[PDB]
Amino acid sequence: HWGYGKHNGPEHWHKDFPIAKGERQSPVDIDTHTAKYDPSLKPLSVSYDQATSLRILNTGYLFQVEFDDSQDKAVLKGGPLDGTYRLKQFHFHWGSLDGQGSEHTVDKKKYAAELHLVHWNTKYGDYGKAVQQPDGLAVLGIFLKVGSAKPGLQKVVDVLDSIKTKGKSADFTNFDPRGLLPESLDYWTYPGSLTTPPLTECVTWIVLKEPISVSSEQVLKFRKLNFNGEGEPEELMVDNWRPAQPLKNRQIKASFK
Ligand SMILES: Cc1cc(C)nc(Sc2c(F)c(F)c(S(N)(=O)=O)c(F)c2F)n1
Ligand code: NA
Ligand SMILES: [Zn+2]
């Protein structure tokens, strides 16, 4: 099965998932000089006031925090988006070293980690139908740099020891994802894909320009997770990022400056 190692990592995925070599793959390098300012884009509307977190899960490839998306609670709209996208979950990708870990890059700069807030287009009724559609998902991407602690991240960090291994979950209620947002909602946007198998080309990417700051100690706790299941040889969950893929004809649009 797929993973991040030499044997089953990103350069192998195309054999099971040929769309890996498709025309709208993610992530990409954001060339800030060739991104076009688009004065017709709207400010992002992030309405997370009624978000209902439920659970945190080690999937074997990352960890994710899941939300109750059975009603229009937390939603993303505006920006490049037509209609309303409902928050389903967030997760992170990160490095073995502070110098790497993000999936998107900015002028080839890698960040220590990248947060993905995943939302589905409510015109498609649920997530499983939305992922079959070319405008099914909107993923809000936020870079993490190592510096000051992010207080809003600590509740996540502190629960990771209870989900060390693949398939472990824990109750994770009353978590407010607004605590993970930077001050500015200036962004880049482009059409792309899931960054893990099945690599479906169903994502409108919205990548915030301003990274959030996390402490070295917070990210080191991400690196103590395990890709393996309990009772199996320990493989640290690090470097679970896909590298930049070819932009091909696509244009990246900037909301700013
Ligand atoms: C592959 C898969 C299967 C299922 C059932 N949910 C998901 S949710 C999800 C996910 F885990 C991800 F890593 C991504 S990502 N990196 O943001 O493209 C995603 F969009 C998602 F929508 N992903
Ligand atoms: Na409900
Ligand atoms: Zn992701």
# chains A, B, ... in the order shown; residues from 1 in each chain; ligands from 1
call {"tool": "closest_atom_pairs", "arguments": {"of": "stretch 80-151 of chain A", "to": "stretch 18-41 of chain A", "cutoff": "7 Å", "atoms": "only C-alpha atoms", "output": "tab-separated table"}}
result
residue	atom	partner	partner_atom	distance
A:80	CA	A:41	CA	5.8
A:103	CA	A:27	CA	5.6
A:104	CA	A:27	CA	5.0
A:105	CA	A:29	CA	4.7
A:106	CA	A:30	CA	4.7
A:107	CA	A:31	CA	4.9
A:108	CA	A:29	CA	6.1
call {"tool": "residues_near_ligand", "arguments": {"ligand": "ligand 2", "cutoff": "8 Å", "atoms": "only C-alpha atoms and all ligand atoms", "output": "PyMOL selection string"}}
result
chain A and resi 68-71
call {"tool": "atom_distance", "arguments": {"atom1": "atom CA of residue A:223", "atom2": "atom CA of residue A:181"}}
result
21.7 Å
call {"tool": "closest_atom_pairs", "arguments": {"of": "chain A", "to": "ligand 3", "cutoff": "9 Å", "atoms": "only C-alpha atoms and all ligand atoms", "output": "CSV"}}
result
residue,atom,partner,partner_atom_place_in_ligand_line,distance
A:62,CA,ligand 3,1 (Zn),8.6
A:90,CA,ligand 3,1 (Zn),8.1
A:91,CA,ligand 3,1 (Zn),6.2
A:92,CA,ligand 3,1 (Zn),6.1
A:93,CA,ligand 3,1 (Zn),6.2
A:103,CA,ligand 3,1 (Zn),7.9
A:114,CA,ligand 3,1 (Zn),7.6
A:115,CA,ligand 3,1 (Zn),6.9
A:116,CA,ligand 3,1 (Zn),5.0
A:117,CA,ligand 3,1 (Zn),8.0
A:118,CA,ligand 3,1 (Zn),8.1
A:139,CA,ligand 3,1 (Zn),8.1
A:141,CA,ligand 3,1 (Zn),8.1
A:194,CA,ligand 3,1 (Zn),7.3
A:195,CA,ligand 3,1 (Zn),6.1
A:196,CA,ligand 3,1 (Zn),7.3
A:241,CA,ligand 3,1 (Zn),8.1
call {"tool": "write_last_selection", "arguments": {"atoms": "C-alpha atoms", "output": "PDB file, in the first residue's frame"}}
result
ATOM      1  CA  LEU A  62      -1.397  11.731   9.471  1.00  0.00           C
ATOM      2  CA  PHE A  90      -8.496  19.375   9.561  1.00  0.00           C
ATOM      3  CA  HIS A  91      -5.126  17.637   9.483  1.00  0.00           C
ATOM      4  CA  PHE A  92      -1.450  18.385   9.146  1.00  0.00           C
ATOM      5  CA  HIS A  93       1.592  17.292   7.116  1.00  0.00           C
ATOM      6  CA  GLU A 103       3.383  20.390   0.824  1.00  0.00           C
ATOM      7  CA  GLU A 114       1.087  22.578   6.699  1.00  0.00           C
ATOM      8  CA  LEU A 115      -2.422  22.607   8.084  1.00  0.00           C
ATOM      9  CA  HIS A 116      -5.287  21.615   5.781  1.00  0.00           C
ATOM     10  CA  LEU A 117      -8.883  22.533   6.672  1.00  0.00           C
ATOM     11  CA  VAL A 118     -11.010  20.396   4.365  1.00  0.00           C
ATOM     12  CA  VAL A 139      -8.993  23.050   1.207  1.00  0.00           C
ATOM     13  CA  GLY A 141      -3.939  25.591   3.595  1.00  0.00           C
ATOM     14  CA  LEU A 194      -5.934  15.750  -3.115  1.00  0.00           C
ATOM     15  CA  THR A 195      -2.285  15.500  -2.089  1.00  0.00           C
ATOM     16  CA  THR A 196      -2.610  11.851  -1.074  1.00  0.00           C
ATOM     17  CA  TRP A 241       4.243  15.443   2.640  1.00  0.00           C
TER      18      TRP A 241
END
call {"tool": "atom_distance", "arguments": {"atom1": "atom CA of residue A:137", "atom2": "atom CA of residue A:74"}}
result
14.3 Å
call {"tool": "closest_residue", "arguments": {"among": "A:193, A:148, A:84, A:102", "to": "ligand 1", "atoms": "only C-alpha atoms and all ligand atoms"}}
result
A:193
call {"tool": "select_by_dssp", "arguments": {"residues": "stretch 155-220 of chain A", "states": "strand (DSSP E or B)", "output": "ChimeraX atom specification"}}
result
/A:169-171,187-192,203-208,212-214
call {"tool": "residues_around", "arguments": {"residues": "stretch 161-177 of chain A", "least_positions_apart": "4", "cutoff": "7 Å", "atoms": "only C-alpha atoms", "output": "MDAnalysis selection string"}}
result
chainID A and resid 51:60 225:230
call {"tool": "write_last_selection", "arguments": {"atoms": "C-alpha atoms", "output": "short mmCIF file (atom, residue, chain, number, x, y, z; two decimals), in the first residue's frame"}}
result
data_model
loop_
_atom_site.label_atom_id
_atom_site.label_comp_id
_atom_site.auth_asym_id
_atom_site.auth_seq_id
_atom_site.Cartn_x
_atom_site.Cartn_y
_atom_site.Cartn_z
CA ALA A 51 -17.95 24.43 14.64
CA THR A 52 -18.54 21.11 16.44
CA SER A 53 -15.41 19.01 16.71
CA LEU A 54 -15.96 15.36 17.54
CA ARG A 55 -12.91 13.17 17.33
CA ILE A 56 -9.19 13.03 16.62
CA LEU A 57 -7.80 10.03 14.68
CA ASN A 58 -4.38 8.67 13.70
CA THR A 59 -5.09 7.40 10.15
CA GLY A 60 -1.68 5.77 9.71
CA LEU A 225 3.35 9.84 16.39
CA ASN A 226 3.69 6.55 14.56
CA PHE A 227 2.70 5.44 11.11
CA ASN A 228 2.43 1.85 12.38
CA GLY A 229 -0.33 0.14 14.35
CA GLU A 230 0.11 -0.82 18.02
#
call {"tool": "residues_around", "arguments": {"residues": "residue A:124", "least_positions_apart": "3", "cutoff": "12 Å", "atoms": "only C-alpha atoms", "output": "ChimeraX atom specification"}}
result
/A:83-86,119-121,127-137
call {"tool": "decode", "arguments": {"residues": "stretch 148-255 of chain A", "atoms": "C-alpha atoms", "output": "PDB file, in the first residue's frame"}}
result
ATOM      1  CA  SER A 148       6.556  31.171  19.310  1.00  0.00           C
ATOM      2  CA  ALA A 149       3.975  28.594  20.491  1.00  0.00           C
ATOM      3  CA  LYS A 150       0.503  28.750  19.022  1.00  0.00           C
ATOM      4  CA  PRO A 151      -1.732  28.613  22.131  1.00  0.00           C
ATOM      5  CA  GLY A 152      -4.706  27.446  20.055  1.00  0.00           C
ATOM      6  CA  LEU A 153      -2.734  24.341  18.940  1.00  0.00           C
ATOM      7  CA  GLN A 154      -1.838  23.069  22.393  1.00  0.00           C
ATOM      8  CA  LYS A 155      -5.042  21.128  23.018  1.00  0.00           C
ATOM      9  CA  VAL A 156      -4.272  19.159  19.870  1.00  0.00           C
ATOM     10  CA  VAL A 157      -0.630  18.571  20.826  1.00  0.00           C
ATOM     11  CA  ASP A 158      -1.567  17.354  24.301  1.00  0.00           C
ATOM     12  CA  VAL A 159      -3.922  14.622  23.066  1.00  0.00           C
ATOM     13  CA  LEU A 160      -1.443  13.080  20.586  1.00  0.00           C
ATOM     14  CA  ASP A 161       0.044  10.703  23.113  1.00  0.00           C
ATOM     15  CA  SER A 162      -3.448   9.029  23.283  1.00  0.00           C
ATOM     16  CA  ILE A 163      -3.466   8.380  19.516  1.00  0.00           C
ATOM     17  CA  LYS A 164       0.137   7.326  19.014  1.00  0.00           C
ATOM     18  CA  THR A 165      -0.513   4.550  16.581  1.00  0.00           C
ATOM     19  CA  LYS A 166      -2.511   3.899  13.437  1.00  0.00           C
ATOM     20  CA  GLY A 167      -6.280   3.446  13.995  1.00  0.00           C
ATOM     21  CA  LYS A 168      -6.344   5.062  17.473  1.00  0.00           C
ATOM     22  CA  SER A 169      -8.996   7.760  18.070  1.00  0.00           C
ATOM     23  CA  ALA A 170      -9.954   9.962  21.011  1.00  0.00           C
ATOM     24  CA  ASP A 171     -12.935  12.190  21.820  1.00  0.00           C
ATOM     25  CA  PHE A 172     -12.080  15.700  20.775  1.00  0.00           C
ATOM     26  CA  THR A 173     -15.019  17.965  21.513  1.00  0.00           C
ATOM     27  CA  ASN A 174     -15.236  21.759  21.909  1.00  0.00           C
ATOM     28  CA  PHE A 175     -12.103  22.507  19.912  1.00  0.00           C
ATOM     29  CA  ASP A 176     -12.286  25.888  18.169  1.00  0.00           C
ATOM     30  CA  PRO A 177     -10.362  25.883  14.853  1.00  0.00           C
ATOM     31  CA  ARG A 178     -10.362  29.671  14.822  1.00  0.00           C
ATOM     32  CA  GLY A 179      -7.392  29.384  17.180  1.00  0.00           C
ATOM     33  CA  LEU A 180      -5.290  28.001  14.292  1.00  0.00           C
ATOM     34  CA  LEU A 181      -5.814  30.927  11.907  1.00  0.00           C
ATOM     35  CA  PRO A 182      -3.221  33.685  11.274  1.00  0.00           C
ATOM     36  CA  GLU A 183      -4.203  37.346  11.520  1.00  0.00           C
ATOM     37  CA  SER A 184      -4.438  37.912   7.743  1.00  0.00           C
ATOM     38  CA  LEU A 185      -6.684  36.017   5.319  1.00  0.00           C
ATOM     39  CA  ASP A 186      -4.676  37.131   2.251  1.00  0.00           C
ATOM     40  CA  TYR A 187      -4.363  34.040   0.059  1.00  0.00           C
ATOM     41  CA  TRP A 188      -3.340  32.390  -3.173  1.00  0.00           C
ATOM     42  CA  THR A 189      -5.765  30.130  -5.018  1.00  0.00           C
ATOM     43  CA  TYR A 190      -5.520  27.581  -7.831  1.00  0.00           C
ATOM     44  CA  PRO A 191      -7.319  24.424  -9.006  1.00  0.00           C
ATOM     45  CA  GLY A 192      -5.754  21.205  -7.886  1.00  0.00           C
ATOM     46  CA  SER A 193      -6.050  17.830  -6.245  1.00  0.00           C
ATOM     47  CA  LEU A 194      -5.934  15.750  -3.115  1.00  0.00           C
ATOM     48  CA  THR A 195      -2.285  15.500  -2.089  1.00  0.00           C
ATOM     49  CA  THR A 196      -2.610  11.851  -1.074  1.00  0.00           C
ATOM     50  CA  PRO A 197      -4.083   8.863  -2.891  1.00  0.00           C
ATOM     51  CA  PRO A 198      -6.499   8.780  -4.534  1.00  0.00           C
ATOM     52  CA  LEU A 199      -5.133  12.137  -5.792  1.00  0.00           C
ATOM     53  CA  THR A 200      -8.498  13.111  -7.225  1.00  0.00           C
ATOM     54  CA  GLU A 201      -8.621  16.470  -9.058  1.00  0.00           C
ATOM     55  CA  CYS A 202     -11.517  17.825  -6.956  1.00  0.00           C
ATOM     56  CA  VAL A 203      -9.870  20.593  -4.915  1.00  0.00           C
ATOM     57  CA  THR A 204      -9.997  24.373  -5.055  1.00  0.00           C
ATOM     58  CA  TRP A 205      -6.865  25.233  -3.101  1.00  0.00           C
ATOM     59  CA  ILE A 206      -6.796  28.374  -0.935  1.00  0.00           C
ATOM     60  CA  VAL A 207      -3.366  28.883   0.639  1.00  0.00           C
ATOM     61  CA  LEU A 208      -2.938  31.678   3.195  1.00  0.00           C
ATOM     62  CA  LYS A 209       0.125  33.898   2.751  1.00  0.00           C
ATOM     63  CA  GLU A 210       0.700  34.424   6.466  1.00  0.00           C
ATOM     64  CA  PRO A 211       2.123  31.344   8.276  1.00  0.00           C
ATOM     65  CA  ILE A 212       1.266  30.608  11.886  1.00  0.00           C
ATOM     66  CA  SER A 213       4.001  30.230  14.456  1.00  0.00           C
ATOM     67  CA  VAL A 214       4.268  27.049  16.474  1.00  0.00           C
ATOM     68  CA  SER A 215       6.928  26.120  18.988  1.00  0.00           C
ATOM     69  CA  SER A 216       9.688  23.624  18.429  1.00  0.00           C
ATOM     70  CA  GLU A 217       8.126  21.626  21.245  1.00  0.00           C
ATOM     71  CA  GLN A 218       4.692  21.504  19.584  1.00  0.00           C
ATOM     72  CA  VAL A 219       6.062  20.190  16.303  1.00  0.00           C
ATOM     73  CA  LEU A 220       8.347  17.721  18.057  1.00  0.00           C
ATOM     74  CA  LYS A 221       5.176  16.174  19.530  1.00  0.00           C
ATOM     75  CA  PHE A 222       3.782  15.671  16.009  1.00  0.00           C
ATOM     76  CA  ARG A 223       6.979  13.728  15.253  1.00  0.00           C
ATOM     77  CA  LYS A 224       6.420  11.277  18.113  1.00  0.00           C
ATOM     78  CA  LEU A 225       3.347   9.845  16.385  1.00  0.00           C
ATOM     79  CA  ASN A 226       3.690   6.549  14.563  1.00  0.00           C
ATOM     80  CA  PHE A 227       2.698   5.439  11.109  1.00  0.00           C
ATOM     81  CA  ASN A 228       2.428   1.853  12.385  1.00  0.00           C
ATOM     82  CA  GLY A 229      -0.327   0.136  14.348  1.00  0.00           C
ATOM     83  CA  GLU A 230       0.109  -0.819  18.016  1.00  0.00           C
ATOM     84  CA  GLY A 231       2.170  -3.949  18.340  1.00  0.00           C
ATOM     85  CA  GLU A 232       4.048  -3.332  15.088  1.00  0.00           C
ATOM     86  CA  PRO A 233       7.637  -2.063  14.701  1.00  0.00           C
ATOM     87  CA  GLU A 234       7.902   1.631  15.402  1.00  0.00           C
ATOM     88  CA  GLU A 235       8.046   3.930  12.404  1.00  0.00           C
ATOM     89  CA  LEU A 236       7.971   7.620  13.359  1.00  0.00           C
ATOM     90  CA  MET A 237       5.329   9.608  11.529  1.00  0.00           C
ATOM     91  CA  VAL A 238       7.502  12.233   9.867  1.00  0.00           C
ATOM     92  CA  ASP A 239       7.826  13.513   6.311  1.00  0.00           C
ATOM     93  CA  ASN A 240       4.243  12.770   5.368  1.00  0.00           C
ATOM     94  CA  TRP A 241       4.243  15.443   2.640  1.00  0.00           C
ATOM     95  CA  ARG A 242       3.982  15.136  -1.136  1.00  0.00           C
ATOM     96  CA  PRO A 243       6.547  17.316  -3.014  1.00  0.00           C
ATOM     97  CA  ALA A 244       5.561  20.061  -5.435  1.00  0.00           C
ATOM     98  CA  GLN A 245       4.042  18.807  -8.676  1.00  0.00           C
ATOM     99  CA  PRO A 246       4.159  20.442 -12.142  1.00  0.00           C
ATOM    100  CA  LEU A 247       1.936  23.494 -12.461  1.00  0.00           C
ATOM    101  CA  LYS A 248       1.196  22.644 -16.132  1.00  0.00           C
ATOM    102  CA  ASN A 249      -0.986  25.350 -17.743  1.00  0.00           C
ATOM    103  CA  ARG A 250      -2.496  26.550 -14.406  1.00  0.00           C
ATOM    104  CA  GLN A 251      -2.494  30.091 -13.064  1.00  0.00           C
ATOM    105  CA  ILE A 252      -2.194  30.864  -9.373  1.00  0.00           C
ATOM    106  CA  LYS A 253      -4.269  33.900  -8.375  1.00  0.00           C
ATOM    107  CA  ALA A 254      -3.461  36.235  -5.449  1.00  0.00           C
ATOM    108  CA  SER A 255      -6.079  38.005  -3.388  1.00  0.00           C
TER     109      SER A 255
END
